[PDB]
Number of protein chains: 2
Amino acid sequence: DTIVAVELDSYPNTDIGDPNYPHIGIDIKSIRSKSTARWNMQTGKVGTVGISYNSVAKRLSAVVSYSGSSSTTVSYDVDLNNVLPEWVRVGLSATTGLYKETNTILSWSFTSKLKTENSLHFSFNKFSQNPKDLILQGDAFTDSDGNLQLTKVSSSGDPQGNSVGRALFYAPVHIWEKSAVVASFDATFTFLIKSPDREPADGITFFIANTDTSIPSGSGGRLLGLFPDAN
Amino acid sequence: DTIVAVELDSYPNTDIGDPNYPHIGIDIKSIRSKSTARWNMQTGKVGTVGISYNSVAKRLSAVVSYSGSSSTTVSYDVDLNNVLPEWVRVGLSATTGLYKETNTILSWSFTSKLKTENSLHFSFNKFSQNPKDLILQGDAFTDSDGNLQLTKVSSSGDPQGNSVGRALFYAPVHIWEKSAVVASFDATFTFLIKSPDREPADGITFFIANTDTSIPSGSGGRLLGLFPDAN
Ligand SMILES: OC[C@H]1O[C@H](Oc2c[nH]c3ccc(Br)c(Cl)c23)[C@@H](O)[C@@H](O)[C@@H]1O
Ligand SMILES: OC[C@H]1O[C@H](Oc2c[nH]c3ccc(Br)c(Cl)c23)[C@@H](O)[C@@H](O)[C@@H]1O
Ligand SMILES: [Ca+2]
Ligand SMILES: [Ca+2]
Ligand SMILES: [Mn+2]
Ligand SMILES: [Mn+2]
């Protein structure tokens, strides 16, 4: 499997290179983020994540913010053409471990362009109770509110621990081609994280992977349902 | 099966309600077009088709033109919410019968919006030799030029008769929902039709259908690979 991800990491796992505080990170083929940034978490408040990449600039960048408050950013120099395959699926992923949190997605948009001019764009603001244009993996599901719940949440509303789930867009994305001048993509998603216990965990991610990607075994909690190993 | 289609009909089949000349038509659940318009065919010249629908206006409209020349239009009043299911696949289809024609697609774009604001948009200008975001049916394939050939064409370049093929977009489209204020879609495609023989046949169509749609049996030639019967 080949994962490129932007992680909202709500729980620090110092035992695997994680900084000892909530952070946003850029993950290339490994949970140990190539670049992290301090995440000013606001549990209970709706947040927005924006992700951008351009094949000429070769800089993968992400920003996190809450309405009427300071934002935080992270960037990493990388040629994803030498990392990812030509065809990929894009998705959201989330996990809980010992510590719980709701991982609610209120909206999710993605745009990709490939000049050789081929484009794909999708935007979800309400998720149907049966999203045929989404591949739901793990414990991911959509509630009556039209929200996408990535991890387990009881009928009451409180999150469950040791949960893992993901949502992929159904159509593969031609992320780059050998006969391409420039390829670019932008993604955004709005999230709501609520936690009853003290420390929230584990986090939410946006990820690009090979088409046949699925939740690898033992990828719960700290590994955000993307990687089978910490290495 | 449930078909809504815009047909570029290059060969008149009067024996099934067809007007006795090349025409553009709007087809609702039947090859016998609810509305047709005179098509000023120009074989060998690249043409463009544009299709539009809005759930408030309830008027499905289509236009055909060639560069630097007069265009032709057709429209039909219809509530597609009462015709189509909520989830559909969009595709292109083409056939040949006794008389042949190349059915080349140079570009294909589609946009759909569903306010309840969910959107899907895709645009193809070059078709990969292995389009994983397309479902190719019948004899449909992509050539080295990056063009989408819907019907059989020999290694030389001349078209074959009794051919049928279609290309669907991989992801289903939430075309309408019960909790929707307005739904709309726009589609466009650029085509090249060349024919060695006298009269070209049979035509090209853009169609919206149920997700599990496939080429029905005995839908060759006049039926444009959409319908199993003329009724
Ligand atoms: O050393 C390996 C490669 O590094 C550079 O290309 C890049 C790989 N990732 C990048 C990220 C940003 C930029 Br700007 C460049 Cl220019 C690169 C260039 O120096 C290449 O010539 C070189 O093959
Ligand atoms: O008679 C059946 C229906 O026809 C109209 O609705 C439409 C069905 N297809 C259309 C196409 C265009 C327009 Br404009 C309308 Cl207003 C419609 C309305 O008159 C409806 O009240 C009625 O139930
Ligand atoms: Ca962590
Ligand atoms: Ca005909
Ligand atoms: Mn981390
Ligand atoms: Mn006709």
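FYI, side chains are in, hydrogens and waters are out, and symmetry mates aren't considered; it's all heavy atoms of this structure. Each chain gets a letter, A, B and so on, in the order the sequences are listed, and its residues count up from 1. As the structure lists them, so they are numbered: ligands from 1, and atoms in each ligand from 1.
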Determine whether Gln160(B) and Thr151(B) make a side-chain contact, defined as any pair of heavy atoms from C-beta on separated by less than 4.5 Å. no
Check: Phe191(B) and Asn147(B) side chains under 4.5 Å, non-hydrogen atoms: no
Tell me which protein heavy atom sits closest to [atom], plus the residue, atom name and distance to 0.1 Å.
atom: atom 17 (C) of ligand 1; result: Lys58(A) CD, 3.8 Å
atom: atom 14 (Br) of ligand 1; result: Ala57(A) O, 4.3 Å
atom: atom 8 (C) of ligand 1; result: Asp79(A) CB, 4.4 Å

Could you check, using the six-membered ring where one of them is a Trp, whether [X] and [Y] have ring centers closer than 6.0 angstrom?
X: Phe206(B); Y: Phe189(B); value: no
X: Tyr11(A); Y: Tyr99(A); value: yes
X: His174(B); Y: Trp87(B); value: yes

With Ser107(B), which of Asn125(B), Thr190(B), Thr48(B) fulfils side chain to side chain donor-acceptor pair (under 3.5 Å)? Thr190(B)
Protein non-hydrogen atom found under 4.0 Å from atom 11 (C) of ligand 1: yes
Any non-hydrogen protein atom less than 4.0 Å away from atom 22 (C) of ligand 1: no
Residue list, salt bridge (charged side-chain N to carboxylate O under 4.0 Å, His left out) with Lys126(B), at least two apart or on another chain: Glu177(A)
Are the side chain of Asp143(B) and the backbone N or O of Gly146(B) linked by a donor-acceptor pair below 3.5 Å? yes
One pair to check against side chain to side chain contact (heavy atoms under 4.5 Å, CB included): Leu80(A) and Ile28(A). What are the steps and the verdict? CA-CA 9 Å; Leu80(A) 297 179; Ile28(A) 310 302; 4.3 Å; yes
Is there a side-chain hydrogen bond (donor to acceptor under 3.5 Å, both in side chains) between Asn130(B) and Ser128(B) once you walk through the steps? CA-CA 5 Å; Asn130(B) 185 256; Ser128(B) 176; over 6 Å; no
Do the side chains of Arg89(B) and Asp212(B) get close enough for a salt bridge, i.e. N-O under 4.0 angstrom? no
Can you pull the side chain to side chain donor-acceptor pair (under 3.5 Å) pairs that have at least one residue in residues 55-65 of chain A, sequence neighbours excluded? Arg59(A)-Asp77(A)
Counting only protein N, O or S atoms and ignoring waters, those under 3.0 Å from the Ca ion (ligand 3) are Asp9(A) OD1, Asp9(A) OD2, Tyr11(A) O, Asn13(A) OD1, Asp18(A) OD2
Sort by chain and number the protein N/O/S atoms found under 2.8 Å from the Mn ion (ligand 5). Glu7(A) OE2, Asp9(A) OD2, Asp18(A) OD1, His23(A) NE2
